[PDB]
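Next up is one chain by itself, shown in structure tokens, the form deposited in one PDB entry.
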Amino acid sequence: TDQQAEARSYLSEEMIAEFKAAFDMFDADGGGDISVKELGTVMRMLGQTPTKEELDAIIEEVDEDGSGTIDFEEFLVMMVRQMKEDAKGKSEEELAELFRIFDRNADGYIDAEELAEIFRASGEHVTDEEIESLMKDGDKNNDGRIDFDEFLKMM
């Protein structure tokens, strides 16, 4: 499908070959797709405890031809979804802790001094004017402050 072709174009040949090796390990009978039986089996062998309904939910999430099983191109979609979700999570979680730390007076906002120290502590030389412009551009609602959602969006 459309979506399977996008997922593949996102991955290197090298990643795809590593995913095919894992897929071949789920596909216990070599038949070409992962069943409910097979998915639960390796999930339980990796210390997970899914319910049958959770096994069904996972399959249906990527099950584009309605077979009730996962073929390799569907597997690759499950993998790209997981990576992008990981990545997105890691970034927000890190920027949340950066905002926390450099909001040194704990008023809930980042001002131009605090913003200038984020950049210096990061090892990037920035000018005062650079900082004040980022402040301006970043201040979307024009209250003169940078709140968290403006911070996120700015970085």
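Only the largest set of C-alpha atoms that superpose within 1.5 Å between the two forms is called the rigid core. All residue numbers are counted from 1 along the displayed sequence.
Of the two segments examined, 57 to 65 and 120 to 128, it is 120 to 128 that shows the higher average Cα temperature factor in the deposited entry. Look at the mean CA B-factor for 146 to 154 and for 3 to 11 in the entry; the higher one is 146 to 154. Per the deposited coordinates, the residue with the largest Cα temperature factor out of 36, 101, 110, 70 is 36. Within the listed group 96, 45, 115, 106, the record reports its top CA B-factor for 45. Per-chain ranking of the deposited C-alpha B factor places residue 32 in the middle third.
This protein has a second form, the form deposited in another entry, left out of what is shown; the following refers to that one.
Relative to the superposed rigid core, the position of the CA of residue 50 differs between this form and the one not shown by 2 Å or more. Superposition of the core reveals a Cα shift of less than 2 Å for residue 91 between this form and the one not shown.
Relative to the superposed rigid core, the position of the CA of residue 116 differs between this form and the one not shown by 2 Å or more.
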